[PDB]
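Reading the structure
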Amino acid sequence: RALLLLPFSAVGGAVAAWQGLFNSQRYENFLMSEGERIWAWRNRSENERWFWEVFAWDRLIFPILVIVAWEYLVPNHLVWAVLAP
Amino acid sequence: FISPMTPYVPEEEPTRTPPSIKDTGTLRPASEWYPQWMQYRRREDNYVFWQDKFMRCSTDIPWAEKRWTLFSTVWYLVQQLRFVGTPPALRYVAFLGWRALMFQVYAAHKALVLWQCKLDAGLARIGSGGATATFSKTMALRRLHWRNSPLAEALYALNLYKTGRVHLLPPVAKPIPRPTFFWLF
Amino acid sequence: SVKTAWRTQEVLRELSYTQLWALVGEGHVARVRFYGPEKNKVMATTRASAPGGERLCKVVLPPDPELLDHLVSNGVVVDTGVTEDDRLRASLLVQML
Amino acid sequence: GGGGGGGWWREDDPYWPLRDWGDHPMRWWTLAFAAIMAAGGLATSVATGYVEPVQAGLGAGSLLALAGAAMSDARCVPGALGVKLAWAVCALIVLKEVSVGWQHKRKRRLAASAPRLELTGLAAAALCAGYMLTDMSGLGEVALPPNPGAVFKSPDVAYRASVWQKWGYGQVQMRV
Amino acid sequence: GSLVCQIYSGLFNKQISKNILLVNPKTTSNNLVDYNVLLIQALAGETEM
Amino acid sequence: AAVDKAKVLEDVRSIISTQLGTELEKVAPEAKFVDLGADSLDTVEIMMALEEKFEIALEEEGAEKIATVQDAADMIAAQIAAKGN
Ligand SMILES: CCCCCCCCCCCCCCCCCC(=O)OC[C@H](CO[C@@H]1O[C@H](CO[C@H]2O[C@H](CO)[C@H](O)[C@H](O)[C@H]2O)[C@H](O)[C@H](O)[C@H]1O)OC(=O)CCCCCCCCCCCCCCCCC
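Criteria and cut-off values
Residues numbered from 1 in each chain as written, not as in the entry; some residues may be left out. Chains lettered and ligands numbered in written order. Part of a larger assembly, values for the part shown. Heavy atoms only, no water. Helix = DSSP H or I, 4+ residues; strand = E, 2+ residues; numbered from the N terminus. Rg over C-alpha atoms; globule rule 2.2 N^0.38 Å. Buried < 20%, exposed > 50% of the residue type's maximum accessible area, 1.4 Å probe, protein only. Contact = heavy atoms within 4.5 Å. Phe/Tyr/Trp six-rings, centres within 6.5 Å; stacked < 30°, edge-to-face > 60°. Near = heavy atom within 4 Å. Polar contact = N/O pair within 3.5 Å; in protein donor to acceptor, adjacent residues only side chain to side chain. Areas by Shrake-Rupley, 256 points an atom, 1.4 Å probe, with all protein chains shown as cover. Core = buried A, V, L, I, M, F, W, Y, C linked by side-chain atoms within 4.5 Å. Salt bridge = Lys/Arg side-chain N within 4 Å of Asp/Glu carboxyl O. Pairing = 2+ DSSP bridges. Axes fitted to C-alpha atoms, helices over the stretch in contact; angles between N-to-C directions. Parallel < 35°, antiparallel > 145°, perpendicular 65-115°, else oblique. Left-handed = near helix turned anticlockwise from the far one by under 90°. Nonpolar A, V, L, I, M, F, W, Y, C, P; charged D, E, K, R; others polar. Patch = residues over 30% accessible without salt bridge, like charges linked within 9 Å, V, L, I, M, F, W, Y side chains within 5 Å. Buried area = accessible area lost by both parts, 1.4 Å probe.

Counting its regular elements, chain C contains 3 helices and 4 strands. Of the regular secondary structure in chain C, the N- to C-terminal order runs α-β-β-β-α-β-α. Taking 97 residues into account, the globule formula puts the C-alpha radius of gyration at 13 Å, and chain C, at 16 Å, lies well above it. Dimensions of chain C, computed from the C-alpha atoms along their principal axes, are close to 50 × 40 × 25 Å. Within chain C, buried positions represent 27% of all 97 residues. Within chain C, contacts between residues separated by at least 24 positions form 51% of all contacts whose residues are at least 6 apart in sequence.

Right, here's the structure in full:
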């Protein structure tokens, strides 16, 4: 009689409700609000983004790491510790 | 020398962005997109809803919010993880949860403000005998809109408790400026 | 001079074999943790009855086959920092890899 | 209770503490904290014999008293510098208390040492929060130097080239 | 503002294309920086588009 | 800012009635809240509801002088006009 047991329909209803939560005007309004907040934060920062995208590794951390790594690797020699680097 | 009556109050540059035109100021969540008063205004005079987005985020940024510091360098990572590092679906469900929680805390604050009005009447009776038993509705709205400092609240409560004078209010608290410590924050 | 210097965190305090042997024989060391790839360094956790309380000292030794017949002879429990929880976390990491 | 300006106490002008008297709101708080820090440090060093209480006592109390003197006219560069110095001293007190601890509070057990956050650290953190929540803006021109990412969309070719040259690039073609 | 927020939200990627007419009346001497191209370039530079 | 004062008055009357219990008829422009029998705290709750409905900040100084429904709608309409700036 009751085929409702083993509820694959009920476990797929979670995915159906998840899909129905978006593609609505509420989610479009939330996306536009997030675009406004992203625009505001991008205008606010403008320096930290350049520091983190250009400076932080290539001109701050990586030279320190390679100099420390080279001095940790090469023997205690004048050529290998000063002149070759 | 050219003293103009009132002692000259220096007008420093703003350090925080002015609050948005859709704000409520009362800890209640703002509306989703449209602040609902536009329907009670004429069309083509509601141009200042996008003219708040401009000059709140593009053209009138205070220079105290463009300061580069170590704290802002760290905080860029939090904001980047929030915006481009976390999916907008999870951001949306967290936004819904925060909206519901903020509505609940606004209802709690409104009930607390009404109870503070009742306490206002009680303290205004104990201090003026039995004559003054009202309460200041402007002070009620001031408590609701968070325009009062704790010192102002304590001074007003003490003032009620020992002389009455409901309609003698403390000064409105100024907005807190953004703190700056050199290169740290 | 604990009443003269300022407090500066809690660094280890390099001892020597002789120092550690003295405070092990006098019953001031509660636990030892042998470390080093060559296993020639020891974290000595002292007990509260020691003159100075619980301090995590660091000792470097020569290879002398008499350490056991002093430590477990008097009171000292040897230990390693890798427990079964750490081993199971390592197994989980291997599974993720 | 009689600080800053006058005082009336439940008769007339009841909200007199909120009047702008010309000084910082936290001036008497930082002066009182300087007094109790110097007194507590001297008393602790006399009672125990440790010299960290007096050295980290009167030494920080003098800085807080100088900051409170500089905050007596909180509309000037001395006022901004005084509130920044007072915040720095209180933040250093909180940092030392919750990271290193107090030497005279050293105990036998490792769990009894426990740097923690006692009443002095609580008071210094409360003063820090008081500075932040009353007034710290001022000397906001002192920050990290502007990046070439700030001046990418700047309308000033001279300013963009100055940042270009200062940050080592200099000879990169501007094309603007 | 609608275009900027649509761009920053990503919806401008999947939105229907539209034509917008711009009118800047002929009063500039020669070609001393046209404000229509100035405004559209500012829109594209602010949106990084 | 050319606020539709008729619409503002109609919604203000609706809010007042909705909170208290009366119909839209009983809430007349010239009617005092005192006539409707809203207590002091009830008048304050009505001002809170008006703030929530119109999503605006009520002019605190002057809320002790909101007597008529017409006065409430006039202060609200002035605030709607002053919001856009
Ligand atoms: C019908 C659908 C069924 C579910 C919907 C509702 C049920 C459950 C809702 C979510 C769970 C409980 C949320 C309660 C507190 C919110 C968490 C948080 O920290 O706060 C989240 C904030 C709030 O969102 C943003 O918040 C911004 C900043 O405001 C606030 O931001 C912070 C809020 O934390 C601070 O408190 C700050 O003081 C305050 O200003 C804006 O103001 C806006 O509100 C908005 O843009 O987001 C952020 O910054 C952080 C972004 C990422 C965090 C993700 C946390 C939870 C994700 C759940 C994913 C699981 C998916 C399955 C679905 C089931 C859900 C469990």
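The full count for this structure, using the stated rule, is 38 aromatic pairs over all chains. An angle of 45° between the planes, with centres 5.2 Å apart, marks the rings of B:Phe181 and D:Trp87 as tilted. Of the two residues, B:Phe181 is situated in the segment after α5 (150-163) and D:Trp87 in helix α4 (residues 77-99); the pairing between them involves two chains. Taking relative accessible area as the criterion, B:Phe181 reaches 14% and is therefore assigned buried. Relative accessible area serves as the criterion here: at 12%, D:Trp87 is assigned to the buried category.

Moving on to the site of the ligand. The environment of the ligand is made up of A:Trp18, A:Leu21, A:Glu34, A:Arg37, B:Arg82, B:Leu90, B:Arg91, B:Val93, B:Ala94, B:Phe95, B:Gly97 and B:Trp98. Positioned at a junction of chains, the ligand has nearby residues supplied by chains A and B. A:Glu34 is positioned with one of its side-chain polar atoms (N or O) 3.1 Å from an oxygen atom of the ligand. In the environment of the ligand, an oxygen atom lies 3.3 Å from a nitrogen or oxygen atom belonging to the side chain of B:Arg82. Against a free-state accessible area of 1200 Å², the protein chains account for coverage of 45% of the ligand. Only α1 (8-21) and α2 (25-45) of chain A together with α3 (88-125) of chain B provide two or more residues apiece to the shell around the ligand. In terms of residue count, the dominant contributor to the shell around the ligand is α3(B) (7 residues).

Glancing now at the nonpolar core. Judged by nonpolar contacts, the single largest core of 63 residues is most densely connected at F:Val8, F:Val12, F:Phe54, F:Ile76 and F:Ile80. Not counting residues within four places of it along the chain, the set of residues in contact with F:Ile80 comprises B:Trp37, B:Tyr40, B:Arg41, F:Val3, F:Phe54 and F:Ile56. Formed by 26 residues, the second largest nonpolar core is a distinct cluster that contains D:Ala60, D:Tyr131, D:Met136 and D:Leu139.

What follows covers the interface of chain F and chain B. With 31 residues of chain F at the interface, the matching set in chain B holds 31 residues. The interface formed by chain F and chain B includes 4 salt bridges. Taking the shortest distance from any N to any O, the salt bridge between F:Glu61 and B:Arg142 comes out at 3.5 Å. Applying the counting rule to chain F against chain B returns 13 residue pairs in polar contact.

Residues and elements named next belong to chain C. Strand order across the open sheet formed by 4 strands is β3-β2-β1-β4, with mixed pairing between neighbours. Two strands close off the open sheet at either side, each with one partner strand: β3 (56-60) and β4 (77-79). Pairwise comparison of adjacent strand axes, ignoring direction, gives a mean angle of 25° for this sheet. One ladder, built from 6 bridges, connects strand β1 (residues 29-35) with strand β2 (residues 41-46); its direction is antiparallel. Bridge assignment links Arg33 to a residue of β2, and that residue is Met43.

Let's shift gears to the packing of helix α1 (residues 27-48) of chain D against helix α3 (residues 58-70) of chain D. When two helices pack together, their arrangement is given by the angle between the helix axes and the distance between those axes. All names here are of chain D. The contact between α1 and α3 brings their axes to 8 Å, and the two run at 165°. On the basis of the axis angle, α1 is roughly antiparallel to α3. Where α1 crosses over α3, the handedness of that crossing is left-handed. In this structure, α1 contributes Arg27, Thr30, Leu31, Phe33, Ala34, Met37, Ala38 and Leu42 to the contact, and α3 contributes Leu58, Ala60, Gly61, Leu64, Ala65 and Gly68. Here the residues of the contact of α1 with α3 sort into 10 nonpolar, 3 polar and 1 charged.

Before going further, it helps to examine the pairing of β3(C). Regular strands show a simple pattern: their side chains alternate between the two faces of the sheet. All names here are of chain C. Only one face of β3 is covered, namely the one carrying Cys57 and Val59; the face carrying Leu56, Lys58 and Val60 has none of its residues buried. Pairing between β2 and β3: 5 bridges, direction antiparallel. Counted as the bridge partner of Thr45 is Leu56 from β3.

A separate point is the environment of D:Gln171. Residues and elements named next belong to chain D. Its place among the elements puts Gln171 in the segment after α7 (157-166). By relative accessible area, which is 69% here, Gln171 ends up exposed. C-alpha of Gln171 to C-alpha of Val77: the two residues are 94 residues apart in sequence and 39 Å apart in space.

Taken together, A:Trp57, A:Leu60, A:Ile61, A:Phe62, A:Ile64, A:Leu65, A:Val66, A:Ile67 and A:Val68 make up a surface patch of nonpolar side chains, about 810 Å² in accessible area. Here A:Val66 lies in helix α3 (residues 48-73).

On the chain A side, the residues contacting the 10 residues of chain E number 10 residues. Of the roughly 910 Å² buried between chain E and chain A, counting both surfaces, carbon and sulfur atoms make up 65%. For chain E, the biggest contributors to the area lost against chain A are E:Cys5, E:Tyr8 and E:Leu11; these three give 53% of the whole. Taken together, chain E and chain A are joined by 3 salt bridges. With a closest N to O distance of 3.6 Å, E:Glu48 and A:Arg42 form a salt bridge. Here chain E is connected to chain A by 3 residue pairs in polar contact. By residue number, the principal contributor to the side of chain E that touches chain A is helix α1 (residues 2-9) of chain E, which donates 6 residues. Of the residues that constitute the side of chain E that touches chain A, the class distribution is 4 nonpolar, 3 polar and 3 charged.

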